[PDB]
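Lettering follows sequence order; numbering is per chain, from 1. Heavy-atom basis, side chains included; hydrogens, waters and symmetry copies ignored.
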Amino acid sequence: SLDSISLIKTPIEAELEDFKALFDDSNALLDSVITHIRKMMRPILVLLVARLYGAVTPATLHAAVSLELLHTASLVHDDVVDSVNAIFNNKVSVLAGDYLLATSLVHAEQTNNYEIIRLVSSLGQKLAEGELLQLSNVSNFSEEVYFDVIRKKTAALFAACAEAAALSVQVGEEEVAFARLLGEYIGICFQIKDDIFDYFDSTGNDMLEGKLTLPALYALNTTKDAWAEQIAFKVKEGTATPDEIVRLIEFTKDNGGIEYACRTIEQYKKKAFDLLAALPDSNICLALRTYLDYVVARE
Amino acid sequence: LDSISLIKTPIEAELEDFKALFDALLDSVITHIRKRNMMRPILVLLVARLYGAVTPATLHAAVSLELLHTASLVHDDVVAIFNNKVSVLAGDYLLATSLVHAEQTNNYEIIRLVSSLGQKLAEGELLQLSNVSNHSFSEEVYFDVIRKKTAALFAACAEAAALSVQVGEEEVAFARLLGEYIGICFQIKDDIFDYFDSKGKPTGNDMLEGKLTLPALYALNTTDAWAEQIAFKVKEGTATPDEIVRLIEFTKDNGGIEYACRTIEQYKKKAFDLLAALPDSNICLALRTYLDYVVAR
């Protein structure tokens with residue numbers, strides 16, 4: 001019936017093109033690596049949110065580029081953290097990441113907006129810090145800790161995107177605050193959606209890396225079997241086995257971990273819709289509702 | 001603490017302020033902070049004083065750049081997994097904290113300055129890491145590297161200092177140029193030390209790192225095809241503590257250290273001659289002295 005993608009992008013078609021151009025000082029190595037790593041879920045969010053308030057300005061585009069560069073840089077730097085050919089990939093890729101990261105800052109400044117500069121830089125700080133926390137973890141299963149981490153990372157980026165979108169069109173503090181919460185809710189649905197995917201083949205990777213995501217956490221809290229509580233200790237400990245993980249993953253499903261993660265997503269989606277109900281309807285509001293349905297429904 | 005007193009006294013108060021503003025993670029950030037451990041901040045405060053009183057913008061600029069400098073040093077140490085993991089994360093932090101201080105200057109041109117510098121410094125490391133592929137003994141590359149790297153940071157320090165007290169474009173350009181000449185002097189000096197015996201520290205560490213700094217380059221240029229291959233080994237990635245040993249001697253014998261010393265001396269004259277455009281003062285005095293220290297070291 002109604003083409004979802006169209007409801008989402010059509011209204012921002014032209015500014016999407018402007019963003020893609022703007023998203024793309026010379027080096028034989030530089031060109032190869034930056035050029036080399038060069039769906040826009042976050043840029044689409046930045047554009048739609050700005051269009052809630054006004055026309056997209058060149059500041060909106062630089063914001064979107066800036067934040068997208070910041071995200072790209074940390075993904076690149078994360079691979080690094082994770083024989084002679086290992087080291088090699090590593091040295092330039094850290095420098096590539098540092099470049100993307102500086103370029104990210106240039107774009108923020110090209111917004112000619114202090115708050116946006118403040119937002120991007122402080123966000124850069126936040127991301128650095130928590131993730132430097134994960135490495136030093138001194139003490140070990142609550143959702144609370146799980147959500148806190150999401151709010152500090154993936155959802156922090158989505159919130160930043162939306163917040164920057166509003167600052168870029170210069171609306172008041174409440175609208176900026178409204179946009180930030182919106183983006184945060186969206187970032188949380190998005191992150192939980194991704195965590196669920198890991199429990200399926202299309203496997204169990206987050207566990208191999210030490211992570212227990214919402215579905216697992218749910219099964220343990222409700223069931224509390226010692227065998228489970230035990231493999232979980234092993235996952236966090238970095239000691240679980242590739243085979244054990246498949247089993248805990250499976251234990252999770254059988255114990256309603258997914259249905260519950262999906263129910264939580266629904267709660268945050270409703271929080272988001274309820275937030276949007278304060279706005280008059282428009283093609284932009286409709287585009288955002290479809291965006292959020294497409295995030296959630298994605299599988 | 002005699003030359004030092006002529007330099008520091010005129011800005012003793014703002015030096016404190018700077019240090020003040022400069023101050024599980026925190027425990028691994030301050031440990032690497034102790035592994036690396038104020039030439040640059042001093043330069044910033046002195047240049048500003050040439051023009052007016054130090055502002056909070058001035059201090060944030062100094063902290064900003066000093067942190068940018070620290071993060072690249074910390075990232076340059078990726079040159080097993082825990083140490084690698086550590087530097088990147090720490091580096092990235094200091095880096096993000098740098099941009100925070102740049103924004104706290106409440107001055108767009110400085111934010112532009114720092115961010116573009118961050119760009120150039122990076123790109124300037126792929127410019128050297130692409131250099132190894134090239135088998136050439138030209139100073140044109142050598143200086144270029146210095147200008148995109150060490151000298152770019154000193155230039156930025158001077159330039160941001162000027163912006164930080166809001167003087168004109170002429171004055172800002174004058175400062176930038178001064179800072180560049182100082183940083184070039186600073187870098188060449190450093191490179192030279194790699195050539196002499198530091199009364200556990202191996203001579204020619206740079207060669208040991210795959211780099212042929214000015215004096216070698218000079219020897220290999222007014223010259224004994226044997227050395228050329230000892231050189232291509234350093235770049236080729238393979239040479240041994242002995243080879244790089246004799247090569248250093250040839251460098252010392254073919255007039256490679258004097259040339260560099262007299263090149264340092266020319267640049268130092270350009271910077272001295274720029275200062276001659278300002279009225280004498282305890283600040284100017286402190287700068288000329290600062291510059292002497294960077295050379296006699």
Side-chain angles (χ1 to χ4, degrees), chain B residues 2-21 38-66 69 105-110 112-114 117 146-147 150-189 261-297:
Chain B
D2 216 7
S3 279
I4 295 70
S5 182
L6 285 186
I7 299 160
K8 303 209 185 195
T9 297
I11 52 155
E12 224 175 349
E14 34 287 272
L15 262 168
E16 295 171 354
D17 295 2
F18 162 79
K19 297 205 305 274
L21 188 57
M38 291 175 311
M39 291 308 283
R40 275 156 253 255
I42 282 178
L43 178 55
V44 175
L45 294 166
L46 287 174
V47 175
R49 286 292 303 282
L50 275 177
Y51 287 125
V54 172
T55 66
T58 309
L59 304 170
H60 281 298
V63 167
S64 177
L65 288 156
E66 196 54 1
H69 166 68
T105 65
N106 305 322
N107 169 322
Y108 284 106
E109 315 186 69
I110 295 180
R112 202 164 314 150
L113 193 175
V114 167
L117 182 62
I146 287 178
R147 276 182 177 105
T150 298
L153 196 280
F154 276 90
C157 283
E159 186 183 3
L163 294 167
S164 76
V165 298
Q166 331 208 234
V167 307
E169 292 179 331
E170 299 70 27
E171 287 97 315
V172 171
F174 169 99
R176 188 202 66 74
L177 198 58
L178 181 60
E180 163 161 281
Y181 286 148
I182 288 169
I184 283 171
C185 282
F186 187 96
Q187 191 49 62
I188 302 183
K189 258 277 96 162
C261 267
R262 283 146 36 211
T263 294
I264 284 179
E265 210 65 45
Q266 299 176 180
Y267 283 90
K268 185 198 168 211
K269 185 206 193 281
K270 297 185 221 263
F272 251 70
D273 288 348
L274 282 168
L275 295 173
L278 291 150
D280 202 3
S281 69
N282 67 332
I283 304 300
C284 204
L285 180 51
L287 270 166
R288 278 175 299 126
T289 306
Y290 176 101
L291 181 44
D292 284 329
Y293 170 106
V294 160
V295 164
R297 265 151 69 260

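Residues satisfying the ring-ring contact (aromatic ring centres under 6.0 Å, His included) test with B/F174, not counting sequence neighbours, are none. Remark: B/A162 pairs with B/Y51, B/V167, B/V172, B/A175 by the side chain to side chain contact (heavy atoms under 4.5 Å, CB included) rule, at least two apart or across chains. For B/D17, the salt bridge (charged side-chain N to carboxylate O under 4.0 Å, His left out) criterion is met by no residue, not counting sequence neighbours. Applying the salt bridge (charged side-chain N to carboxylate O under 4.0 Å, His left out) rule to B/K269 yields the partners B/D273; only residues at least two apart in sequence or on another chain are considered. Applying the side-chain hydrogen bond (donor to acceptor under 3.5 Å, both in side chains) rule to B/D292 yields the partners B/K268; only residues at least two apart in sequence or on another chain are considered. With sequence neighbours left out, B/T9 forms a side-chain hydrogen bond (donor to acceptor under 3.5 Å, both in side chains) with B/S5. Listed by chain and residue number, nothing satisfies the side-chain hydrogen bond (donor to acceptor under 3.5 Å, both in side chains) test with B/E159 (two or more places apart in sequence, or in another chain). Partners of B/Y108 according to the ring-ring contact (aromatic ring centres under 6.0 Å, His included) rule, which considers only residues two or more places apart in sequence or in another chain, are A/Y114. For B/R49, the salt bridge (charged side-chain N to carboxylate O under 4.0 Å, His left out) partners at least two apart in sequence or on another chain are B/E14. Among residues two or more places apart in sequence or in another chain, the side-chain hydrogen bond (donor to acceptor under 3.5 Å, both in side chains) test is passed with B/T263 by none.
Judged by distance alone, with hydrogens and angles left aside, the side-chain atoms of B/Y290 form a donor-acceptor pair with the main-chain N or O of B/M39 at under 3.5 Å. Side-chain atoms of B/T55 do not come within 3.5 Å of backbone N or O of B/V165 as any donor-acceptor pair.
How far CG of B/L45 is from NZ of B/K8: 11.0 Å, rounded to the nearest 0.5 Å. Distance check: B/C185 SG to B/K189 NZ gives 10.5 Å after rounding to the nearest 0.5 Å. B/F272 contributes atom CZ, which lies 10.5 Å from atom CG of B/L178 (distance to the nearest 0.5 angstrom). In this structure, B/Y267 OH and B/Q187 CD are separated by 13.0 Å, a value rounded to the nearest 0.5 Å. In this structure, the separation between CD1 on B/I11 and CG on B/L46 is 4.5 Å, given to the nearest 0.5 Å. To the nearest 0.5 Å, the span separating SG on B/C157 from CG on B/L65 amounts to 4.5 Å.
Contact between B/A161 and B/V44 at its shortest, heavy atoms only, is CB-O, 3.2 Å. Across all non-hydrogen atoms, the minimal contact from B/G179 to B/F154 is O-CB, 3.1 Å.
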For residues 276-288 of chain B, please give each side-chain donor-acceptor pair under 3.5 Å, one per line with the distance, not counting sequence neighbours.
| unit_1 | atom_1 | unit_2 | atom_2 | d |
| --- | --- | --- | --- | --- |
| B/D280 | OD1 | B/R288 | NH2 | 3.0 |
| B/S281 | OG | B/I283 | N | 3.3 |
| B/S281 | OG | B/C284 | N | 3.0 |

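Between B/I110 and B/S164 the shortest side-chain heavy-atom distance falls below 4.5 Å. In this structure, B/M38 and B/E66 have side chains that are not in contact, with every pair of non-hydrogen atoms separated by 4.5 Å or more.
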* Verdict with reasoning, B/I4 to B/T289, per side-chain contact (heavy atoms from CB on, under 4.5 Å) -> CA-CA 9 Å; B/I4 295 70; B/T289 306; over 6 Å; no
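Checking B/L291, B/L177, B/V47 one by one against B/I182, the side-chain contact (heavy atoms from CB on, under 4.5 Å) holds for a single residue, B/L291.
The stretch residues 160-179 of chain B participates, sequence neighbours left out, in these salt bridge (charged side-chain N to carboxylate O under 4.0 Å, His left out) pairs: B/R176-B/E180.
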